[PDB]
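In: got a sequence here, can you model it:
(chains A, B, C, D, E and F)
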Amino acid sequence: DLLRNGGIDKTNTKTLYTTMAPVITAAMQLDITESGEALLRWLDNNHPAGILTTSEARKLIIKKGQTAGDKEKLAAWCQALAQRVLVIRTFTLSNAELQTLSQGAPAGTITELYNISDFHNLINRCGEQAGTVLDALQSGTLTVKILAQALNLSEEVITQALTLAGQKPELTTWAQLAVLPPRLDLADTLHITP
Amino acid sequence: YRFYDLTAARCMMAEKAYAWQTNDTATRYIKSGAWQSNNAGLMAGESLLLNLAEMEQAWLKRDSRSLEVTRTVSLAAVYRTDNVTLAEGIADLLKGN
Amino acid sequence: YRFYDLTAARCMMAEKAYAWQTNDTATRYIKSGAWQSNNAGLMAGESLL
Amino acid sequence: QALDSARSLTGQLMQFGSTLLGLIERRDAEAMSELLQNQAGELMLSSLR
Amino acid sequence: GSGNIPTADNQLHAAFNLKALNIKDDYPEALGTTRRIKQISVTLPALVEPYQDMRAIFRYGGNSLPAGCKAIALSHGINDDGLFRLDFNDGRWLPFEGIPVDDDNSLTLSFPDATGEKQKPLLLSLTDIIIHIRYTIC
Amino acid sequence: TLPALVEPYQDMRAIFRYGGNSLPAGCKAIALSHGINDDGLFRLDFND
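Out: Numbering: from 1, shown residues only, chains lettered A, B, ... in the order given. Find the structure here:
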């Protein structure tokens, strides 16, 4: 009733998210409206099957009369939204980690939650300087020098751990950053280089 | 609670005045969901004045200058279209029917 | 959010009325940056006024 | 007149912005007030133990 | 029948370029560099049959005006605004307000249904058109 | 007021102006329209 009333959610993409965002981030008790804006993006990029695109959810939620069917479909959509909220809160991931993961992080099986937890571990190691790291990763300018500056590790260590599962110079995606924390932990507990 | 029912009918009077002065009864601006019983009706007037400002801007886009013409009807000529025109037509009527 | 889009077009109507009644279309007063998504648009009406 | 009509809505958006900052600030206090009680409960368990 | 007029199709139409009216030549330029039209009034001294209106439309040729501001009507033909109340305090502009006196108008004074009817001895006996243009030197 | 014999439907060309400079910007100069008890304005209201 609250999305159906109020202003009509705009038919243009990237405006659909920012108009649907505050009521969804109220309904999930998330922190920031932009976090709830990127949550619709993260469920829209990937989701288990049969769940509505948010454009299709907007098309459904403004109808003449909602049938006996295709109203539990919208309920399943909101259940998937709440499940992704629970994914977000069970790792305590920030706004920037979310918006890095919002553009296509696979979640829905265990070996993908392993990767999300490793990425969250790396960004917690980045710490206060994680904002420019995820800003460089959202652009195409993340290098080994700035990421070694953030982690307070040497540049000649991260470029070694990159050679393991070789992606070595082209750090453009977050999935190549999930590889780093097991390699760095194993090169810490054995006092050797990667 | 009983003041919301006062001001919502004012919003409806504003909408009916808008629908009368510009003949647009298909569109609507004062929509439902202004009261929410989870909030005990808190922030209803914000939504109502949002809809009022939407309707005011729709007015100011639709409100412009317009042509204004008067026309004088000589009613003796339109009774003359039936040729039982007024100068005899009122004069021959003498009855208590 | 959807009230800012209402009042910004009012500011633009005021600017176009100013540009029509005094023929000064080169100057501009209602400039951008009134909304800021870091602030979630807080203090936009201050800048507009 | 259009300037006054715009000034009315910009003052109204000032009111909306002040109300919104009050609601954000107050929500943000209540969330910490609930966080402290959840922490006090799971700390009271350890003290009893 | 002739569209794109400057007896058009079934109506009569008037056309003037106000550059040829010499508004700039009227007063010296040292007074003010810009002159803008404020109010236009029309006077049509024709022999009118009693209790009969007059059919006339008056319109701006170019497009730089507000929406309804560019066109005005006419009612009876002696010093008649298209309005019925005449107040400069209205924030609605007068029709033809803000027009620069340079160019961009074929001065449309239309006359619908100029053919054989009660309007034909009216517009036949109209010996002259007289306009009254109030403008602002700023 | 300029009581001259005017040909019908003809305006009158006249400008009236203050010599010194202590007035507001446009206040110092006035125009004239037809020449019998005519302000440079068209509405005459002291409430402005």
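In: separation between residue B:64 and residue E:70?
Out: 10 Å (CB to CB, to the nearest Å). Any C-beta I mention is one placed from the backbone N, CA and C, and that applies to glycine too.
In: with neighbour numbers in mind, choose between the two.
Out: Neighbour count, other CB atoms under 10 Å in any protein chain shown: between residue B:64 and residue E:70, residue E:70 has more, with 20 against 13.
In: show me the residue at the heart of chain A, geometrically.
Out: In chain A, the centroid-proximal residue (CA atoms, centre = their mean) is residue A:101; its distance is 2.2 Å.
In: from memory it sits against residue A:119, does it?
Out: Yes: between residue A:101 and residue A:119 there is a contact under CB atoms under 8 Å: 7.3 Å.
In: shared neighbours of the two, which are they?
Out: Common neighbours of residue A:101 and residue A:119 (criterion: CB atoms under 8 Å, 6 or more residues apart in numbering or on different chains): residue A:174.
In: related to what we said a few turns ago, OK, contacts around the residue lying closest to the residue nearest to the centre of chain A once chain neighbours are set aside?
Out: Excluding its sequence neighbours, the residue lying closest to residue A:101 (CB to CB, 6 or more residues apart in numbering or on different chains) is residue A:42, at 6.3 Å. Neighbouring residues of residue A:42 by CB under 8 Å, 6+ apart: A:84, A:98, A:101, A:102, A:103, A:105.
In: quickly find the element holding the residue positioned nearest the centre of chain E.
Out: Geometric centre of chain E, nearest residue: residue E:58, 4.3 Å, by CA atoms, centre = their mean. Per DSSP states H and E: residue E:58 is located in strand E:56-59.
In: direction included, what does that strand pair up with?
Out: If you go by DSSP bridges, strand E:56-59 pairs up with strand E:71-74 (antiparallel), strand E:108-111 (antiparallel).
In: check the offset of that strand from the chain's centre.
Out: Distance of strand E:56-59 from its chain centroid, counting by CA atoms, centre = their mean, to the nearest Å, is 6 Å.
In: ok, residues contacting that strand?
Out: Contacts to strand E:56-59, defined as CB under 8 Å, 6+ apart, come from residues B:67, E:40, E:42, E:44, E:70-74, E:77, E:82, E:108-112.
In: quick one: buried ones out of those residues?
Out: Buried members of the contacts of strand E:56-59, scored by 16 or more other CB atoms under 10 Å in any protein chain shown, are E:40, E:42, E:44, E:70-74, E:77, E:82, E:108-111.
In: write out the residues of chain E neighbouring chain D.
Out: Residues of chain E found near chain D (CB under 8 Å from any CB of the partner chain) are residue E:91.
In: so which helix or strand takes in the residue in chain E positioned nearest to chain B?
Out: Distances between chain E and chain B by CB to the nearest CB are smallest at residue E:68, namely 3.0 Å. Remark: residue E:68 resides in no helix or strand, with elements defined by DSSP H and E.
In: do you know how far the nearest residue to it once chain neighbours are set aside is from residue E:69?
Out: Residue nearest to residue E:68 in three dimensions, not counting chain neighbours: residue B:65, with 3.0 Å by CB to CB, 6+ apart. Applying CB to CB, the value for residue B:65 to residue E:69 is 5 Å.
In: now do the shared contacts for the two.
Out: Common neighbours of residue B:65 and residue E:69 (criterion: CB under 8 Å, 6+ apart): E:93, E:95.
In: what are the ranges of the strands in chain D?
Out: Per DSSP state E, chain D carries no strands over any range.
In: find the closest residue to chain B in it.
Out: For chain D, CB to the nearest CB, closest residue to chain B: residue D:9, 6.5 Å.
In: returning to what we had before: got a list of what the residue nearest to the centre of chain A touches?
Out: By CB under 8 Å, 6+ apart, the contact list for residue A:101 reads A:42, A:93, A:116, A:119, A:174.
In: mind listing what the fourth one touches?
Out: Residues in contact with residue A:119, defined by CB under 8 Å, 6+ apart, are A:97, A:100, A:101, A:174, A:177, A:178.
In: how near is it to chain C?
Out: 24 Å (CB to the nearest CB, to the nearest Å).
In: tell me if that residue really is in a helix.
Out: Yes: under DSSP: H, G, I helix; E, B strand; the rest coil, residue A:119 sits within a helix.
In: all helices in chain A, in order from the N-terminus.
Out: Taking DSSP state H, the helices of chain A run over residues A:16-27, A:33-45, A:54-61, A:72-91, A:95-101, A:110-126, A:130-138, A:144-151, A:155-161, A:180-189.
In: burial of the residue lying closest to residue A:80 once chain neighbours are set aside, as a residue count?
Out: Spatial nearest neighbour of residue A:80, chain neighbours left out: residue A:51 (5.0 Å); criterion: CB to CB, 6+ apart. Here the count is done by other CB under 10 Å, and residue A:51 has 19 residues near it.
In: can you check the one 3 residues further on too?
Out: When counting by other CB under 10 Å, one arrives at 21 neighbours for residue A:54.
In: likewise for residue A:29?
Out: The local packing of residue A:29 (other CB under 10 Å) involves 11 other residues.
In: measure it to residue A:83 for me?
Out: The spacing between residue A:29 and residue A:83, counted by CB to CB, is 15 Å.
In: how about residue A:151?
Out: 32 Å.
In: picking up where we left off before, residues contacting the residue nearest to residue A:80?
Out: A:43, A:76, A:77, A:80.
In: of those residues - the most surrounded one?
Out: residue A:43 (23 neighbours).
In: could you find the closest non-adjacent residue to that residue?
Out: residue A:84 (5.4 Å).
In: same question for residue E:75.
Out: Using CB to CB, 6+ apart and skipping residues adjacent in sequence, the residue nearest residue E:75 is residue B:70, 5.0 Å away.
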